[PDB]
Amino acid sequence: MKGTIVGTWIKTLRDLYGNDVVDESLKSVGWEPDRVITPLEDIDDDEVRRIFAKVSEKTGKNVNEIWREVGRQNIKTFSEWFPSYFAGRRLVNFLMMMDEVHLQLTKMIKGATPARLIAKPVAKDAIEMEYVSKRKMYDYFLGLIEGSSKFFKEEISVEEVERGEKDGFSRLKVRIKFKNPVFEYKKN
């Protein structure tokens, strides 16, 4: 996982559960508790997993629950940090651009198996978004959607259409319904 994002997760874990819980969890995997992670590092996914697992043990919170909340809160961090991804945009705009943004952000990562977040219109007031990846971070994904609705102050309805795994790839499809029309038919 790209360093920058892991950095944001750690800060969020601190916001959620406190510095001792997080400091201890980082040590248990051999990190300096105040380790400074850079945009160049590809942090080992297993070590992240063990960090979250340790936080789960210390807080008594379920790890899926933790990921959900980290997803929710992550959006506020992104909005204050990178205001450019949010500026002059509505929620639908923001969501439709995520796939492209993530391809840009992982272009340099050695081992090029980056998650896809392809969204497409399926009605005048609704899109389907499909998370496809090697990593199966379902709860994080859903939390991120909730965080986005929260930030843009646009109420949505989120229905999971299906989830599944095949050929090592996880897939989660959601239908997101907006309060009023955001699309119209157009000559193809």
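Heads up: residue numbers just count along the shown sequence, starting at 1.
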| item | value |
| --- | --- |
| Greater mean Cα temperature factor according to the PDB record, 118 to 126 or 137 to 145 | 118 to 126 |
| Stretch exceeding the other in mean C-alpha B-factor - 85 to 93, 67 to 75 | 85 to 93 |
| Criterion, highest CA B-factor; candidates, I51, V36, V132, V161 | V36 |
| Ranked against its chain, the third holding the CA B-factor of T106 | lowest |
| Modelled-residue ranking by C-alpha temperature factor, third containing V182 | highest |
| Among modelled residues of the same chain, the CA temperature factor third for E100 | lowest |
| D45 - Cα temperature factor, lowest/middle/highest third of chain | lowest |
